[PDB]
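Read the structure below first, then the notes.
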Ligand code: SF4
Ligand SMILES: [Zn+2]
Ligand SMILES: [Zn+2]
Ligand SMILES: [Zn+2]
Ligand SMILES: [Zn+2]
């Protein structure tokens, strides 16, 4: 009675430097009382969460937002590295209400040309939030399907608690013909995890492609406050940074330089990918009796592990999630939180 | 896969297998050992064709005796499905073993789709396309071509390059599917019609519609070399008893009677004009009648036969001189005496079902023409027309029906029925009498095919119960067993909407008309699906006229815009050409993002041959009970015959037959175990017929699903879709219903040898 992936085929190329513009539906379909306020308002509530988390888990990526109203698609946020512009946009969109019907193809092409300026290293991907059962297409979608795949842009979409075969085909078509990207929801928490699994990069098996090196520099913080003066926005900045090359007083931003146009990053964003890059194997729950290890947690101090021949209480299980590489145990609360937040296996860290 | 049934390798084309298939494989070989009938029910959700072909193809390649295999399907559309399936299996059989085929296997549809001559192919009517190429490539026309150099006779030239290269050998080695065949034949500018025509004695397996086995007018070229020691395979043959009686059915109209006079009088001119020119051959043909039936050149006809054998294939035939009818002038005279008597019998003011004997005696009382020589009309007309070498058939089209009919009724008695309606009730109070005629027992035509062979295979995913047909066709099978769908998941929700949102017992039996209490409830019931259902949804009316009846008022109702506001709507069209264009576009729209919704008739042709995969088959609708007594007591007449012949009454047979046709439509929602779709039904009486269903269908029906409301059913199907839409891939319990590749069938079944 366990719901776990048999193995995690992460080990190599994933989607790290990302250029995702998720597309929403703003139609009468999103207006209906499927979720407690409705689809859209709860979704807008739900959608807000991922934005910062996307920028949290993937600060090395850029993102804009497009919606679809009354049989027409409408971009609503610029592709940027700052959540706030995207964040503040949804607040109006929260106070805005979905209307009419969505135009899939309008979103198809508006986003398609939107991703044209994206560089090769920045990985192009799109995700869709759809509620209806039909589209509004000014032309041959399969042509656009052909156009997108010719652009080599894999895509995952998540419709509502239903299936669309072409959308099932589209996620298939976008993703090298591999259909694992039309997963749909059945519950709000089951919807919540969709956000939770979305922040992850996307390794399956990347074809041997041109791999590009990157050159940039770190920024240097400005100290004075009374000297308030800004260049990237022509403002007065009571504290900022300096480009490694153009050497411009720049406000706090891990984004690209505005003068010689180079990426400015200190350290934090880099190691975020690292634990993503090489994660650990799950701490294996050691057996109730075949383990016979120390009656305590390893990461934490959880002296209770079972119940010791207590009829079924001990025959239930043994909170003995043991990392295999370290051969050291961990309490489930510790072990799950470890794999949840910080891989950093102390048993493997200690050597 | 390559396993054994204790005697033969099984080169199964797919890595996966299914539990039904091995049980299917268990019985087919067992039946193959003891050549019998063995009516079996195999669920349509599973692809029985794979289980069908694989064991059979190996059987011929393992057992060295049955070199000829025969499969009869309902449609040539199924044939091309079988044609590629065999081709894929044949490729796989070579793929697993190398090259061990040396095999000849082809389909058989018609000249219409196999006459590759563009001009003859351009013509619309199947009769003309057959007749044109028959005339264009004729045994006598080529004489008019070869003996007298002229442009008067052209040729297909596909039949000629057939005689040039093709009639020395076969097509090189392909098991040509219709696409592959047509692609090959066109590049060879060949005629797949004449190819299979000569390839009758060469194909190691032949696939064709039941009629080439059933319809004696086309089941006449039967060669015992490919027939006698062969095996006959049938799937979805439940809706064939009607076809058998239909194959002996014959409707008449006084307009055609005038057309008969049109042709028959034209015969007088045709025989007289040649008589002035060359009656010596006609006199010679009289000697050819004096020696006998002129089988020397009424059968040995490469492209000559004008009148085919509409009666059973020459079983009930005499061959002596027709007394005085030897003279063509006499021959037409009795015919002319007959058609007017037929007219005098057509002009009956009311509907009369006349016995074959009493009507014949009544004819004898009116026109003293004898029964036995009357059968000679078909042979004499085929004989005379070619001697007349007529250049047209349209005036004579009515005549061959008489040559058909006059021979038929003169050959048939107390198993057939002649009934003379004075009009059609749907357009009553106007003169349009029909001298309707047909058989009564389907097994009559099945008896010779029963007689000719022992190894015969019948299967269906619809047949229920498997006992009516042995009663109906009066035969003994070996194994009468039904197979159940080994599904660890629902994959279909059988729903009996006896009660609507109004909770009203809703029905189609009340009338063939509209009552918004039932109808608008149905319209309101339907629309909610359009919103929730994805692309792919069809309805099946009991009657096309009933179909149109509900359409206009629902169009008048505001119900029509919303479903268009939700999905796309495509209609069933009387011409299949527009229907086909609708169907592909419907599937195209079903393949497209914009949802597609269809509407058909439970008796419609779509339920006959057209299957629909997961996306294409999602939500089937049974518009009330499909019932057929909208028409006259000709149903009852055969049913009364049925009731006296067999201890089966109307409703018992009706429920059996109606649910047979109901289940006939429903088999098209599924492609494989990956396929799924809710099966909704809306009629009050549907709850009663829970027993009449096929086993797996009945097994899939829980008792809690009876007389459900649409609203509660909406909730029921609501969760079903998402679960099915969810990627349910346990990959461990699947092997229970998959019998994992080449291992579990080897492991489990060999373990289950106890
Ligand atoms: S010769 Fe062949 S292609 Fe031409 S009409 Fe006859 S069957 Fe068709
Ligand atoms: Zn600034
Ligand atoms: Zn700079
Ligand atoms: Zn702990
Ligand atoms: Zn460890």
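Chains as they are written, first to last, in PDB author numbering: chain 6, 107 to 457; chain 0, 1 to 754.
Note that the Cβ used here is the ideal one computed from N, Cα and C, for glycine as well.
When 192 (chain 6), 236 (chain 6), 179 (chain 6), 227 (chain 6) are compared, the shortest CA-CA separation from residue 218 (chain 6) is found for 179 (chain 6).
Under the 8 Å criterion on CB atoms, residue 726 (chain 0) is classed as interfacial with respect to chain 6.
Here residue 182 (chain 6) is near residue 173 (chain 6), since their CB atoms are less than 8 Å apart. Within a 10 Å sphere around the beta-carbon of residue 686 (chain 0) sit 16 or more other beta-carbons, which makes this residue buried. Per DSSP, reduced to three states, the secondary structure at residue 215 (chain 6) is helical. Assignment of beta-bridge partners to residue 369 (chain 6) by DSSP yields 362 (chain 6). Contact with chain 0 is absent for residue 441 (chain 6), since none of that chain's Cβ atoms lies less than 8 Å from the residue's Cβ. Residue 345 (chain 0) is positioned such that its CB atom lies no closer than 8 Å to that of residue 634 (chain 0). The C-beta of residue 566 (chain 0) comes closer than 8 Å to at least one C-beta of chain 6. Per DSSP, residue 621 (chain 0) lies in no alpha helix (DSSP H) segment; the continuous beta strand (DSSP E) that holds it begins and ends at 619 to 623. Contacts with chain 6 at 8 Å (Cβ-Cβ) do not include residue 733 (chain 0). Straight-line measurement puts the Cα of residue 491 (chain 0) at about 7 Å from the Cα of residue 724 (chain 0). For residue 403 (chain 6), the Cβ falls inside the 7 Å cut-off from some heavy atom of ligand 4.
For residue 481 (chain 0), the three-state secondary structure derived from DSSP is strand. Remark: C-beta atoms of residue 259 (chain 6) and residue 300 (chain 6) do not approach each other more closely than 8 Å. Contacts between residue 615 (chain 0) and chain 6, judged by CB atoms closer than 7 Å, involve 271 in chain order. Around the Cβ of residue 576 (chain 0), a 10 Å sphere holds fewer than 16 other Cβ atoms; the residue is exposed. When the Cα atoms are used, residue 70 (chain 0) and residue 682 (chain 0) turn out to be separated by approximately 40 Å. Relative to the Cα of residue 263 (chain 6), the nearest Cα in the group 253 (chain 6), 279 (chain 6), 242 (chain 6) belongs to 279 (chain 6).
Counting along the chain, residue 136 (chain 0) sits inside the alpha helix (DSSP H) bounded by residues 126 to 136. Using beta-carbon distances, residue 730 (chain 0) does not count as an interface residue toward chain 6, since no partner is under 8 Å. Taking residue 13 (chain 0) as reference, the option from 52 (chain 0), 42 (chain 0), 43 (chain 0), 454 (chain 0) with the minimal CA-CA separation is 52 (chain 0). For chain 0, the residues of the region 279 to 304 of chain 6 that bring a beta carbon within less than 7 Å of one of its beta carbons are 289, 290, 292, in chain order. For residue 682 (chain 0), the uninterrupted beta strand (DSSP E) segment begins and ends at 678 to 682.
When CB distances to chain 0 are screened at a threshold of 8 Å, the residues of the region 217 to 250 of chain 6 falling below it are 239, 240, 241, 243, 247, in chain order. For the pair residue 732 (chain 0) and residue 114 (chain 6), the Cα-to-Cα distance works out to about 18 Å. Residue 210 (chain 6) has a beta carbon lying within less than 8 Å of a beta carbon in chain 0.
Between ligand 3 and the CB of residue 354 (chain 6), the shortest heavy atom gap is smaller than 7 Å. Nearest to residue 439 (chain 6) by alpha-carbon distance, out of 449 (chain 6), 425 (chain 6), 429 (chain 6), 450 (chain 6), is 425 (chain 6).
Judged by the Cβ position, residue 116 (chain 0) qualifies as a neighbour of ligand 1 at the 7 Å threshold, a heavy atom of the ligand being closer than this.
Counting only residues of its own chain and dropping the five nearest sequence neighbours on each side, residue 195 (chain 6) has a CB closer than 7 Å to the CB of 171, 182, 183. Beta-bridge analysis with DSSP links residue 597 (chain 0) to 569 (chain 0). Burial of residue 24 (chain 0) is indicated by the presence of at least 16 other C-beta atoms within 10 angstroms of its C-beta. Beyond the five residues adjoining it in sequence on each side, residue 90 (chain 0) comes within less than 8 Å, by CB distance, of 57, 101, 103, 105, 175 in the same chain, given in chain order. Taking 8 Å as the upper bound on Cβ-Cβ separation, chain 6 lies near residues 590, 591, 592, 593, 594, 595 of the region 580 to 610 of chain 0. Its Cα nearest to that of residue 569 (chain 0), the residue 583 (chain 0) stands out among 556 (chain 0), 557 (chain 0), 558 (chain 0), 583 (chain 0).
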